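Asks: Here you go, this is coords_2.tsv (TSV, C-alpha atoms).
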chain	number	residue	atom	x	y	z
A	1	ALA	CA	21.84	18.18	-14.88
A	2	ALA	CA	24.47	20.87	-14.93
A	3	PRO	CA	25.58	21.75	-11.38
A	4	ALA	CA	24.05	24.79	-9.68
A	5	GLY	CA	25.16	26.50	-6.48
A	6	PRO	CA	27.54	24.95	-3.98
A	7	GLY	CA	27.67	21.24	-3.36
A	8	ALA	CA	26.62	21.86	0.24
A	9	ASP	CA	22.89	22.07	-0.51
A	10	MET	CA	22.79	20.20	-3.83
A	11	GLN	CA	20.81	17.27	-2.40
A	12	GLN	CA	18.01	19.48	-1.09
A	13	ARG	CA	17.76	20.87	-4.58
A	14	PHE	CA	17.42	17.45	-6.14
A	15	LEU	CA	15.42	15.93	-3.30
A	16	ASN	CA	12.70	18.51	-3.85
A	17	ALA	CA	13.15	18.76	-7.62
A	18	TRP	CA	12.59	15.05	-8.15
A	19	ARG	CA	10.00	14.83	-5.42
A	20	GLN	CA	7.36	14.46	-8.14
A	21	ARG	CA	8.48	12.31	-11.11
A	22	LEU	CA	10.22	9.76	-8.92
A	23	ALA	CA	7.23	8.10	-7.29
A	24	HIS	CA	5.47	8.37	-10.68
A	25	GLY	CA	6.61	5.10	-12.24
A	26	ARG	CA	9.67	2.89	-12.44
A	27	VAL	CA	13.07	3.33	-14.05
A	28	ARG	CA	13.93	1.48	-17.26
A	29	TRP	CA	15.84	-1.19	-15.37
A	30	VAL	CA	13.77	-3.67	-13.44
A	31	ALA	CA	15.66	-6.64	-14.85
A	32	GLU	CA	17.66	-7.23	-11.69
A	33	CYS	CA	14.54	-8.91	-10.43
A	34	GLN	CA	13.94	-10.51	-13.84
A	35	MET	CA	15.42	-13.92	-14.46
A	36	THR	CA	16.83	-14.83	-17.85
A	37	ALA	CA	14.39	-15.65	-20.69
A	38	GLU	CA	11.81	-13.57	-18.82
A	39	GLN	CA	13.37	-10.89	-20.96
A	40	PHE	CA	12.98	-13.13	-24.02
A	41	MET	CA	9.26	-13.58	-23.38
A	42	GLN	CA	6.74	-11.15	-24.83
A	43	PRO	CA	5.12	-10.11	-21.48
A	44	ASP	CA	6.85	-8.35	-18.58
A	45	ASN	CA	9.38	-6.52	-20.80
A	46	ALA	CA	8.06	-3.50	-22.62
A	47	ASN	CA	11.74	-2.58	-22.99
A	48	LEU	CA	12.34	-5.70	-25.09
A	49	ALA	CA	11.81	-3.71	-28.29
B	1	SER	CA	-2.45	-12.67	-1.30
B	2	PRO	CA	-3.09	-12.21	-5.05
B	3	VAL	CA	-0.33	-9.60	-4.91
B	4	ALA	CA	1.83	-10.95	-2.08
B	5	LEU	CA	2.27	-14.23	-3.93
B	6	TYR	CA	2.81	-12.32	-7.19
B	7	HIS	CA	6.28	-11.20	-6.16
B	8	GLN	CA	7.19	-14.72	-5.19
B	9	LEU	CA	6.49	-16.56	-8.44
B	10	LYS	CA	7.76	-13.83	-10.77
B	11	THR	CA	11.07	-13.67	-8.90
B	12	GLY	CA	11.25	-17.43	-8.42
B	13	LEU	CA	10.58	-18.30	-4.80
B	14	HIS	CA	8.65	-21.35	-3.65
B	15	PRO	CA	5.72	-20.32	-1.42
B	16	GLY	CA	5.61	-23.53	0.61
B	17	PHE	CA	2.80	-25.13	-1.43
B	18	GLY	CA	2.67	-26.92	-4.77
B	19	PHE	CA	0.54	-27.60	-7.82
B	20	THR	CA	-0.85	-30.11	-10.24
B	21	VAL	CA	-1.04	-29.28	-13.92
B	22	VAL	CA	-3.90	-30.76	-15.93
B	23	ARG	CA	-4.07	-30.56	-19.71
B	24	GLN	CA	-6.30	-31.79	-22.53
B	25	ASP	CA	-5.18	-33.38	-25.79
B	26	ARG	CA	-6.76	-34.40	-29.10
B	27	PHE	CA	-5.61	-36.91	-31.71
B	28	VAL	CA	-6.43	-38.20	-35.18
B	29	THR	CA	-6.64	-42.00	-35.36
B	30	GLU	CA	-7.60	-44.65	-37.90
B	31	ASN	CA	-10.02	-47.51	-37.47
B	32	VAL	CA	-11.08	-50.83	-38.87
B	33	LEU	CA	-14.70	-51.88	-38.72
B	34	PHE	CA	-16.17	-55.34	-38.28
B	35	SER	CA	-19.73	-56.56	-38.24
B	36	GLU	CA	-21.44	-59.84	-38.94
B	37	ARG	CA	-23.78	-60.28	-41.87
B	38	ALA	CA	-27.39	-59.07	-41.63
B	39	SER	CA	-26.77	-56.88	-38.60
B	40	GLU	CA	-29.14	-54.16	-39.77
B	41	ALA	CA	-32.30	-53.68	-41.83
B	42	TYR	CA	-31.58	-50.69	-44.17
B	43	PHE	CA	-34.81	-50.25	-46.12
B	44	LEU	CA	-34.58	-48.25	-49.37
B	45	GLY	CA	-37.07	-45.73	-50.68
B	46	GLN	CA	-38.91	-43.22	-52.87
B	47	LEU	CA	-37.58	-39.99	-54.37
B	48	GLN	CA	-39.40	-36.67	-54.08
B	49	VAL	CA	-39.25	-33.78	-56.53
Show me, as structure tokens, the structure contained in the file I just sent.
Replies:
Amino acid sequence: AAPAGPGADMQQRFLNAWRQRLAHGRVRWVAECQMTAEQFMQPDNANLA
Amino acid sequence: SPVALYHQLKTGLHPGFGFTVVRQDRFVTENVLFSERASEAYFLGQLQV
């Protein structure tokens, strides 16, 4: 995002702006919970490809 | 639970109880065959068109 307005309220912009598509799904990284070769296996990693 | 345990195996934590694996196998073997003489009748017969 390009910045908008002062920095003083910039959270309450982005708090309410991503109030919707944040509890939607997950981010691309989940692999901090994933052990190694759980990435190498065909399930549990749609981001393998 | 079916979900509460599901974190614990996928991340790699032992939930205080264990398992026993059971599998099935199949092979291809070879055989010899022994019988005494005259161990069976084996009649022989007529042909039908």
Asks: Compile the residues of chain A that lie within 8 Å of chain B, evaluated using all atoms listed in the file, and express the compilation as number ranges by chain.
Replies: A: 33-35
Asks: Just how far from atom CA of residue 3 of chain A is atom CA of residue 15 of chain A, in Å to one decimal?
Replies: 14.2 Å
Asks: Any idea what's packed within 10 Å of segment 15-18 of chain B, counting only C-alpha atoms, ignoring anything in its chain fewer than 5 positions away? Could you give it as a tab-separated table (two decimals) with C-alpha atoms, in the frame of the given file?
Replies:
chain	number	residue	atom	x	y	z
B	5	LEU	CA	2.27	-14.23	-3.93
B	8	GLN	CA	7.19	-14.72	-5.19
B	9	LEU	CA	6.49	-16.56	-8.44
Asks: From the list A:22, A:17, A:31, A:10, which residue is nearest residue 47 of chain A when using only C-alpha atoms?
Replies: A:31
Asks: What separation in Å, quoted to one decimal, exists between atom CA of residue 45 of chain A and atom CA of residue 6 of chain B?
Replies: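 The value is 16.2 Å.
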Asks: Please write out, as lines of an AutoDock Vina configuration file, where the centre of an axis-aligned box around all listed atoms of segment 2-17 of chain A lies and how long its edges are, in Å to one decimal, after adding 3 Å on each side.
Replies:
center_x = 20.2
center_y = 21.2
center_z = -7.3
size_x = 21.0
size_y = 16.6
size_z = 21.2
Asks: So what do you get for atom CA of residue 18 of chain A versus atom CA of residue 5 of chain A, distance-wise?
Replies: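 Value for the atom CA of residue 18 of chain A-atom CA of residue 5 of chain A distance: 17.1 Å.
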Asks: Excluding residue 49 of chain A and its own-chain neighbours fewer than 5 positions away, which residues fall within 12 Å of it when counting only C-alpha atoms? Please give them as a VMD selection string.
Replies: chain A and resid 39 to 44
